[PDB]
Amino acid sequence: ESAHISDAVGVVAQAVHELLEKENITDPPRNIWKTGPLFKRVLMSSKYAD
Amino acid sequence: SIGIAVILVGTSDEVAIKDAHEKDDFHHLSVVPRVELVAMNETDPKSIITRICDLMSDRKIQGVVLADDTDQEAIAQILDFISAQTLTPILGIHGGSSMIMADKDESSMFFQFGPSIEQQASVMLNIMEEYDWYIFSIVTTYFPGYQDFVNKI
Amino acid sequence: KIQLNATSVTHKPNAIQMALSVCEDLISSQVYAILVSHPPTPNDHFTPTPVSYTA
Ligand SMILES: *[C@@H]1O[C@H](CO)[C@@H](O)[C@H](O)[C@H]1NC(C)=O
């Protein structure tokens with residue numbers, strides 16, 4: 001599980017930084033997330049090489 | 001003395017429903033069902049989870065009915081999980097609790113008021129039979145219930 | 001100036017209390033991602049399903 005979680009967290013960090021370059025960055029409150037499908041599709045196009 | 005839960009979210013004639021709640025003839029079987037009506041909002045699913053948790057913990061709910069006024073299929077989609085994970089069955093009659101999703105779980109006990117995809121296809125073909133229009137075409141998107149409709153037609 | 005705040009929870013033998021607790025806590029923290037990483041479950045069901053449906 002060590003290297004597995006390491007790779008998952010690296011992927012998450014790169015995807016979050018990639019998304020931070022975009023506009024209309026809302027946040028989940030405490031209605032649906034209007035960037036829900038947007039964020040999901042951003043994560044779907046997540047390609048990496050490391 | 002079964003416990004029945006009625007949950008209303010959105011504008012509705014709650015007083016009329018309560019007056020018409022005891023409009024059935026159930027005197028021929030010893031049931032004396034207990035019905036509690038409670039109003040709710042469309043804030044988030046977790047609020048619904050908390051409300052149903054409190055209702056079943058307090059009144060020992062053996063049946064849940066949800067009625068709303070939204071246009072989102074997610075209501076029944078998540079209600080399926082509760083119906084499968086709880087021995088108490090759940091029913092949907094109006095609003096967001098009416099659109100039929102792909103399918104229910106094997107352990108699911110949730111039912112809806114409406115026709116299937118194939119029955120709607122049959123009615124639509126009956127319409128095309130009524131007025132003699134025999135040339136047509138079909139286009140659809142990747143919603144899950146597309147293969148069923150195409151194969152039925 | 002982007003910051004990464006961490007939130008973790010442990011196991012409980014039940015699957016409704018775990019579900020509601022995780023949902024409410026990670027909703028209040030306003031997180032973006034959720035992970036499930038436990039192979040040796042004594043339960044043979046292997047169910048992260050409440051987490052998935054709630055999130
Ligand atoms: C991090 O999350 C914890 C637990 O939800 C919260 O108490 C704290 O305020 C958060 N801190 C930051 C910097 O967001």
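Cβ: placed from backbone, ideal geometry, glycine included. Neighbour counts: every protein chain shown. No value in this document is a laboratory result; all are computed from the given coordinates.
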Among the candidates B:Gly63, B:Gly92, residue that is in contact with a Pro (Cβ under 8 Å, 6 or more places away or on another chain) and under 21 Å from B:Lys18 (Cβ atoms):
B:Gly63
Would it be correct to say that B:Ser83 is surrounded by 10 or more Cβ atoms within 10 Å (Cβ to Cβ) and of a type in the set (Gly, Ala, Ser)?
yes
Among B:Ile90, B:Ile117, B:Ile82, which is of a type in the set (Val, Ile, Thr) and in contact with a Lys or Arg (Cβ under 7 Å, 6 or more places away or on another chain)?
B:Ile117
Taking the stretch C:1-24 on its own, how many of its residues are away from the ligand (no atom under 12 Å from the Cβ) and of a type in the set (S, T, N, Q)?
4
Determine, yes or no, whether C:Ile27 is out of contact with any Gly (no Cβ under 7 Å at 6 or more places or on another chain), within 12 Å of the ligand (Cβ to nearest atom) and among the aliphatic types (A, V, I, L, M).
yes
Scanning the stretch B:11-43 for residues that are within 14 Å of another protein chain (Cβ to nearest Cβ) and either surrounded by 15 or more Cβ atoms within 10 Å (Cβ to Cβ) or of a type in the set (A, V, I, L, M) (or both) gives B:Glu42
Please work out if C:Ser37 is part of a loop (DSSP other than H, G, I, E, B), within 13 Å of the ligand (Cβ to nearest atom) and under 26 Å from A:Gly10 (Cα atoms).
no
State which residue is nearest to B:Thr70 (Cα to Cα) when the search covers only the stretch A:8-45 and only residues that are within 12 Å of another protein chain (Cβ to nearest Cβ), in a loop (DSSP other than H, G, I, E, B) and not β-branched (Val, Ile, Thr).
A:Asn31
Among the residues that make up the stretch B:10-17, is at least one of them over 16 Å from the mean Cα position of the chain (by Cα), more than 25 Å from B:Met99 (Cβ to Cβ) and not in a loop (DSSP other than H, G, I, E, B)?
yes
With (1) more than 16 Å from the ligand (Cβ to nearest atom); (2) not in a helix (DSSP H, G or I) as the list, and C:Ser52 as the residue in question, which single condition is left unmet?
(2)
Which condition does C:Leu4 not pass, out of (1) under 26 Å from A:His17 (Cα atoms); (2) surrounded by 12 or more Cβ atoms within 10 Å (Cβ to Cβ), if it passes all the others?
(2)
Selection over the stretch B:71-111 where residues are away from every other protein chain (no Cβ under 14 Å) and under 10 Å from the mean Cα position of the chain (by Cα) yields a count of 11
When (1) under 30 Å from C:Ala15 (Cβ atoms); (2) part of a loop (DSSP other than H, G, I, E, B) are applied to B:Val139, the one that fails is (1)
Counting only residues that are more than 10 Å from chain C (Cβ to nearest Cβ), in a helix (DSSP H, G or I) and of a type in the set (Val, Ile, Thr), how many does the stretch B:45-70 have?
2
